[PDB]
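So you can see what is in the structure, the chains are spelled out below.
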Amino acid sequence: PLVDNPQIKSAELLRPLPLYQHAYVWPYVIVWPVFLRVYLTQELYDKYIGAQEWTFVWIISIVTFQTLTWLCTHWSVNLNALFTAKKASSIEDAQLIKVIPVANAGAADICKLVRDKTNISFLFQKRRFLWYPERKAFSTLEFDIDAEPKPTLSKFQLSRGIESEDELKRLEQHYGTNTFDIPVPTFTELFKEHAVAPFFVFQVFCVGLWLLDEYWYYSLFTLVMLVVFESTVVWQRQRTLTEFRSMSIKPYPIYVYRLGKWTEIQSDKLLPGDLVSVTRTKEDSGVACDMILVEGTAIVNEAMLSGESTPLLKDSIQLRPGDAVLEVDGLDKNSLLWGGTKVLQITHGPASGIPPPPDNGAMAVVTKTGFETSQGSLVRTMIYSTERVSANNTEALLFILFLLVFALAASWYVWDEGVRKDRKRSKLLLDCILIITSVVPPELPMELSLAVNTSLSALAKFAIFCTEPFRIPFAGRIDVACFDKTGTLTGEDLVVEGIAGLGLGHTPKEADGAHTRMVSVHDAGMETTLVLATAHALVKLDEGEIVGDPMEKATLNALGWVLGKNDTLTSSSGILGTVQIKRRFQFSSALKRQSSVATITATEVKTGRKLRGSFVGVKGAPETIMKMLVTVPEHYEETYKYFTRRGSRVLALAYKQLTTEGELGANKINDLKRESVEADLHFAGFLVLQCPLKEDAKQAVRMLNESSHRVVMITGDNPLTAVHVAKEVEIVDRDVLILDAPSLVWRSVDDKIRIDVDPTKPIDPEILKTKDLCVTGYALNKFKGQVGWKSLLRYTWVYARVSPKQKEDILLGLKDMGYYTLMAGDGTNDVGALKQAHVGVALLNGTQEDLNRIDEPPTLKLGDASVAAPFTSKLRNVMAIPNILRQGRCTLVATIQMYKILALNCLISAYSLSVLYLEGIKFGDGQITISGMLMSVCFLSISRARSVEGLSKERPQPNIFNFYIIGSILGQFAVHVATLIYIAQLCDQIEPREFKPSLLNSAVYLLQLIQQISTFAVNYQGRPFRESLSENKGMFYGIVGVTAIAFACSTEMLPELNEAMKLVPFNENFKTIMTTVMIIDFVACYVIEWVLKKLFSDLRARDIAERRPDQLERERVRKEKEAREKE
């Protein structure tokens, strides 16, 4: 019924049908008595043959058709909807619904409708959908905080919880219980699920078919090898499900204000709208569900959602305008308690008029319960991480069908040659079906999953964890690698340079008139010291730790003052005073300033000059305070521009006195508007800070730029700092031009070129050709949708001063052009941007020494994955991005080599069987068993390979169908079939014509063994991405031993081993011809594969990542210098 969800493609309504009308019952009920009448009494042998073997063939064919029609319902959902069910009229009589998700959301499934009263609902991927008759469509549940019009704060500030019992029952029926429902099945249900998959039943059918031809050991070996693998997979899945269940939070008693009483209920019956009391959490516990603080403040530790153990600070919405302010999740982000955090402290113990709870805790209001929380969604998307097996297999099936044509040609030729020589039709058909069925590889469509699960183990050694593992192949096709700033490229070990520009209006100067004289923070004025000690937002734990932004911690450490009990600072500095913060206005990231009101009492030791009373301190961006001053100085703009042009961070300080003596009063300070306070300011000075670059930034950017990628930067600072950082990190090289309002004029860094451009006209080609670009946020906003917006995303690499919405806007605009993007951020400022990109990395702040003191990868506990981005690195190194880009590049290479090996093996086996069956002879049982065991040994021995220590300019192919895989497969197959035809013809020329040994059997067996080893030796993907064949002993010895064994059996070094495989002894000349033919075959295969790899393997870089010859020359001379300095 056209459900409303971005992750669902279509829907349909069905009704169930009785067992009589199922499509796998009634036609067989019609046709079986016809066959019984024909076989029993009718004697209509015209459409028959007569033998018992043909009766067996007819019975097998009928049973096979019936069970195939039955299994087609389990294999696909469309045939399930067609054969068993049938379409209904509308929602009034339908009982079943079919849901088909988006291309990478899982597998389609038939969902059952459940009706409760009027309400129609169904469960899809553990997510509840509801039927809204006013919209005539299905959609997910709607909560009070996620309405299309955002509710005001008067909804939550005056909330009184649940007041009626029928409302409680309605909420219980609507939203359900607050728990994680993860049902774990037993071994029987999982093996039933695994035993109906098409490839398992196909392998069972192949085993039965081989057993029909009197092969007792081969079928048993295949059955054992299949059964143990399936049992291992089922046991691993069961263990993973048990571990997933084990992480659910246990219920604990809590206080809920229900029906006017503070009744104690368990934490398993929370409903959206309840008024719960938050207290300090116990050991092995946490917040039950998402909340919003309505009174008091709390200090939390969100280590189960972001992977960081740094304490935070959360504040209530108690002191906000109740109805005049619409709730926004950009300014009120410090009021929501997420489900899974641990509360560490409660500071205080109301507008709603509610008596305090008995436990003396903060009051909150529940918003989301169940899987609809954040960590609930993370758990749900980690349960269904196997989207690589279900929403896939659309190209491997085509590869199997492509091999089936080469199978059918040989089978048809064998049948046509057999019908003209008067063969028995009960054996020729079996031989043809064996030739057909010996082609389909059983482990072909699930190669990508094994490669991904192998790469995930190597990634989990540098503390890099992946939540959605289908993005690993996406990491090998990256063209644009976007970067952030202040969380990725630059660290957080800020150092206070000093206070400069405080001498204005009262002297070294430059051409522009800037004041370069800089004064240390110790020898500063009293007002500036009071502003620095007033306008912070630091709070102290009872145990002695200080929490907050590292900027405030750094400036407090540089100031020298100490932090007291309750927002009181005393005092090395020469101020010798005390302050007490009354009211605090928080930073908003859009007003670009923060302010505070405090009571001061200072006594300067140099000139006395007592000062006491109310005080207002504000600290923010220098371009915003200038709009709030009363008299700007003579050289304000030039001074702050000069001090920010060198990569330093400049903040302005302003102060205002309210009362020269005496308190303002609690009632006055409790009721003050932000706009009235932040006006009529004085000037104190500038605070200058230097953010040091990370140690790995330059190397990890120089590796990305020189390996067919492109590195852009999307920051949020002023353009001068962004340009300086990009020049230090070597992103831009030539002269840059900043596009910003002065009109959207072009500006230079030194402000010597001012070129105006109109947004309707296209930009100048010379600007795009001879200069680098830095596009701001305002200019990009004024270029939205016009003709120049397509060429402003291909020639710009530094985006400065952009909102978090514009980041995902830029990422979407870059994705819509066909490029693949990567986003690396801190995981807090931008959340939608990290998910809009193809692959997103969230670089945390943990050091290596923190990790020191504290097969698929270890299953992700709640402290390992992050809710912001799919990938997550627990180390702060920038080098974590090339590791991902190298693993995602080696995965494609491994997949390509396995695809090239399996098809060649199958095509060799089929055309060996076709050559043998034209003469009437057949393989021995021991020979084929030894061949299978040796092939399995070689497969085990070849899989142990590792990667190189650096990136490469050559990119691998991303898909099967190209001019490299197909050409190599065809060439090697043609060489092998010509070799086999020549050997068969020579053996027929030498000796003219129950299992007995013969010359042709031994010759064909030896040739096919040698070819099946040569296709392992030749088709190994080596040098550029992974370790070479000759480097490691593990596969070299394995190949050499089996090659020597086969050659020794060929030339009769050990005649005792010959009788194990039933080989007729040869003479000298035939041995010489066989050895020469083997060597010629190997050399020709190697030459063809090397030529095709040298010609067609390289996938060239895009137009956005191509370098100029100057950069190539600089890279060459830098590599030459490094090679010279290596010794």
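Residues numbered from 1 in each chain as written, not as in the entry; some residues may be left out. Heavy atoms only, no water.

- Listed as the method for this PDB entry is cryo-EM; the listed resolution is 3.41 Å.

Regarding the domain arrangement of the protein chain
Stage number 1. Assigned domains of the protein chain: these are domain 1 (8–141), domain 2 (142–169 + 251–371), domain 3 (187–247), domain 4 (389–448 + 884–1096), domain 5 (462–491 + 693–883) and domain 6 (495–690).
Stage number 2. The C-alpha centroid of domain 3 is placed 50 Å from the C-alpha centroid of domain 2. (Domains from an automatic or database assignment.)

Some remarks on the pairing of strand β13 (residues 298–301)
Stage number 1. Alternating positions in β13 separate into two faces, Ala298 and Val300 on one and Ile299 and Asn301 on the other, with burial throughout.
Stage number 2. The pairing of β13 with strand β14 (residues 342–346) spans four bridges and is antiparallel. Within β14, the position partnered with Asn301 by the bridge is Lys342. (Buried < 20%, exposed > 50% of the residue type's maximum accessible area, 1.4 Å probe, protein only. Helix = DSSP H or I, 4+ residues; strand = E, 2+ residues; numbered from the N terminus. Pairing = 2+ DSSP bridges.)

Structural notes on the nonpolar core
Stage number 1. Counting 78 residues, the largest nonpolar core has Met713, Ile731, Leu739, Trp746, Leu822, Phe871 and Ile881 as the members making the most contacts within it.
Stage number 2. When residues of this core are assigned to their parent elements, the largest contribution, five residues, is made by helix α21 (residues 719–728).
Stage number 3. Apart from the residues within four sequence positions on either side, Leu739 is in contact with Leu744, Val745, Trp746, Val757, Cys774, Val775, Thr776, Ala779, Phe783 and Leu792.
Stage number 4. Of all hydrophobic cores here, the second largest spans 39 residues; its members include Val414, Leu1006, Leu1009 and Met1061. (Core = buried A, V, L, I, M, F, W, Y, C linked by side-chain atoms within 4.5 Å. Contact = heavy atoms within 4.5 Å.)

Observations regarding the packing of aromatic side chains
Stage number 1. In the structure shown here, the tally under the stated rule is 30 aromatic pairs.
Stage number 2. On the numbers, 6.2 Å between centres and 50 degrees between planes, the contact of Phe474 with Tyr820 is tilted.
Stage number 3. Arranged with centres 5.3 Å apart and planes meeting at 55 degrees, the rings of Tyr642 and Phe643 form a pair that is tilted.
Stage number 4. On the basis of relative accessible area, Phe643 is assigned to the buried category, the value being 8%.
Stage number 5. Among the aromatic residues, those joined into a cluster by ring pairs are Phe399, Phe402, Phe406, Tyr899, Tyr911 and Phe973.
Stage number 6. One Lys or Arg, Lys155, reaches over the ring of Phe156 and ends 5.8 Å from the middle of that ring.
Stage number 7. The ring centre of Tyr795 lies 4.9 Å from the NZ or CZ of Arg794, which sits over that ring. (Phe/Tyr/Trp six-rings, centres within 6.5 Å; stacked < 30°, edge-to-face > 60°. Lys NZ or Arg CZ within 6 Å of the ring centre and 35° of its normal.)

Comments concerning the UniProt feature "binding site: ADP" (unreviewed entry) in the protein chain
Stage number 1. The UniProt entry lists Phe587, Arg649, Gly716, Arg801 and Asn829 under the feature "binding site: ADP" (unreviewed entry), expressed in the numbering used here.
Stage number 2. Each residue touching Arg649, except ones within four places of it in the same chain, is listed here: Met551, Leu687, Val688 and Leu689.
Stage number 3. By secondary structure assignment, the location of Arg801 is in the loop between β34 (796–799) and α24 (804–815).
Stage number 4. Contact partners of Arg801, with chain neighbours within four places excluded, come to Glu623, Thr715, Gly716, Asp717, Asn718, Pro719, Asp740 and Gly777. (UniProt positions renumbered as here; feature names shortened; annotations may be inferred.)

Describing the packing of helix α7 (residues 198–211) against helix α12 (residues 425–437)
Stage number 1. Following both chains from N to C, one finds α7 and α12 inclined at 145 degrees, their axes separated by 11 Å at the closest point. At the point where α7 passes α12, the crossing takes the left-handed sense. Contacts between α7 and α12 involve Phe202, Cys206, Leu209 and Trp210 on the former and, on the latter, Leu430, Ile433, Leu434 and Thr437.
Stage number 2. Residues belonging to the contact of α7 with α12 are distributed by class as follows: seven nonpolar, one polar and no charged. (Axes fitted to C-alpha atoms, helices over the stretch in contact; angles between N-to-C directions. Left-handed = near helix turned anticlockwise from the far one by under 90°. Nonpolar A, V, L, I, M, F, W, Y, C, P; charged D, E, K, R; others polar.)

Re the UniProt feature "transmembrane region" (unreviewed entry) in the protein chain
Stage number 1. Following the UniProt record, one finds the feature "transmembrane region" (unreviewed entry) at residues 19–36, 56–77, 195–212, 218–235, 396–415, 963–984, 1034–1053 and 1073–1092.
Stage number 2. Within residues 195–212, the helical portion is 78% and the strand portion 0%, while the C-alpha atoms at the span's ends are 22 Å from each other.
Stage number 3. Along residues 963–984 one finds 91% helix and 0% strand; the C-alpha atoms at either end are 31 Å apart.

Some thoughts on helix α11 (residues 396–419)
Stage number 1. Helix length check: α11, at 24 residues, gives a terminal C-alpha distance of 34 Å against a target of 34 Å (1.5 Å per residue), a fit within 8%.
Stage number 2. Buried residues of α11: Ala396, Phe399, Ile400, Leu403, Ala407, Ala410, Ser411, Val414, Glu417 and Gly418, and no others.
Stage number 3. Those residues of α11 hidden inside the fold are in contact with α7, α12, α27 (880–917) and α29 (965–990). (Expected span 1.5 Å × (residues − 1).)

A few points about the packing of helix α13 (residues 447–459) against α27
Stage number 1. Closest axis-to-axis distance for the α13/α27 pair is 9 Å, and the angle between their directions is 150 degrees. It follows that α13 is roughly antiparallel to α27 by the angle criterion. For α13 against α27, the interelement crossing comes out right-handed. Each of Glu447, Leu448, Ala451, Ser455, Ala458 and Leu459 in α13 lies in contact with α27, whose residues at this interface are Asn883, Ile884, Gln887, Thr891, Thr895, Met898 and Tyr899.
Stage number 2. In the contact of α13 with α27, the residues fall into seven nonpolar, five polar and one charged. (Parallel < 35°, antiparallel > 145°, perpendicular 65-115°, else oblique.)

Focus on the sheet that holds strand β5 (residues 114–116)
Stage number 1. Read across the open sheet, the four strands follow the order β5-β6-β7-β8; overall the sheet is antiparallel. Looking along the sheet, the strands with just one partner apiece sit at the ends: β5 and β8 (137–140). Neighbour to neighbour, the strand axes of the sheet diverge by 35 degrees on average, direction disregarded.

Re unusual backbone geometry
Stage number 1. With a phi close to 60 degrees, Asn360 is a non-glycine residue in the positive phi region.
Stage number 2. A positive phi angle, near 60 degrees, is found at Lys592, a position not held by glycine.

Focus: the pattern of salt bridges
When charged atoms on two side chains of opposite charge get close, those side chains can pair.
Stage number 1. What the rule picks out here adds up to 46 salt bridges.
Stage number 2. For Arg135, the salt bridge identified is with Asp4, shortest N-O distance 3.5 Å.
Stage number 3. Given a relative accessible area of 42%, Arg135 falls into the partly exposed group.
Stage number 4. Residue classification places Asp4 among the partly exposed positions, given a relative accessible area of 40%.
Stage number 5. The salt bridge involving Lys807 is made with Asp484; its shortest N-O contact spans 3.2 Å. (Salt bridge = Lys/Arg side-chain N within 4 Å of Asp/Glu carboxyl O.)

Concerning the environment of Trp131
Stage number 1. Tracing the backbone shows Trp131 in strand β7 (residues 127–132).
Stage number 2. Residue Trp131 is classed as buried on the basis of its relative accessible area of 10%.
Stage number 3. As a C-alpha pair, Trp131 and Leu241 span 110 residues in sequence and 31 Å in three-dimensional space.
Stage number 4. With sequence-adjacent residues up to four places away left out, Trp131 is seen in contact with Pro1, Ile91, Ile120, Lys136, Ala137 and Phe138.

Describing the sheet that holds strand β22 (residues 562–563)
Stage number 1. Spatially, nine strands are ordered β19-β18-β28-β27-β26-β25-β24-β23-β22 in an open sheet, and the strand pairing comes out antiparallel. Of all the strands in the sheet, the pair left with one neighbour each is β19 (518–519) and β22.
Stage number 2. Bridge analysis of β22 against strand β23 (residues 568–570) gives two bridges, and the strand direction is antiparallel. By the bridge assignment, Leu563 is partnered in β23 with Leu569.

Quick notes on helix α5 (residues 165–175)
Stage number 1. Within the span of α5, buried status applies to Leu168, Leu171 and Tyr175. All buried residues of α5 project into a common sector of 65 degrees when viewed along the axis, lining one side. Opposite its buried face, α5 presents the exposed residues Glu165 and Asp166, each directed more than 90 degrees away.
Stage number 2. The secondary structure elements touched by the buried residues of α5 are β9 (253–258).
Stage number 3. Backbone geometry just after α5 places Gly176 at a positive phi near 85 degrees. (Arc of directions from axis to C-beta.)

Concerning the pairing of strand β36 (residues 839–843)
Stage number 1. Counting buried positions over the five residues of β36 gives five, a clear majority of the element.
Stage number 2. Residue alternation in β36 divides its side chains into two sets, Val839, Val841 and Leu843 and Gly840 and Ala842, and both sets are buried.
Stage number 3. Inspection of the sheet shows strand β35 (residues 821–825) paired to β36 by four bridges, in the parallel sense. Bridging from a neighbouring strand, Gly825 pairs with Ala842 of β36.
Stage number 4. As paired strands, β36 and strand β37 (residues 871–873) are joined by three bridges and run parallel to one another. Across the sheet, residue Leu843 finds its bridge partner in β37, namely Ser873.

Thoughts on the state of the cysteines
Stage number 1. Following the criterion strictly, the structure yields zero disulfides and no others.
Stage number 2. Between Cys72, a free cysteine, and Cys206, which holds the nearest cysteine sulfur, the sulfur-to-sulfur gap is 19 Å.
Stage number 3. Sulfur of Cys466: no disulfide; nearest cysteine sulfur belongs to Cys890 and is 16 Å away. (Disulfide = S-S within 2.5 Å.)

What about the side chain of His22?
Stage number 1. Here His22 shows up in the loop between β1 (8–15) and α1 (26–42).
Stage number 2. Residue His22 is classed as buried on the basis of its relative accessible area, which comes to 9%.
Stage number 3. A distance of 3.2 Å separates the side chain of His22 from the backbone oxygen of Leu17, its partner in a polar contact.
Stage number 4. Within the local environment of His22, its side chain forms a polar contact with the side chain of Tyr24, the two groups lying 3.1 Å apart.
Stage number 5. The contact partners of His22, leaving out residues within four places of it in the chain, are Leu17, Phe83 and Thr84. (Polar contact = N/O pair within 3.5 Å; in protein donor to acceptor, adjacent residues only side chain to side chain.)

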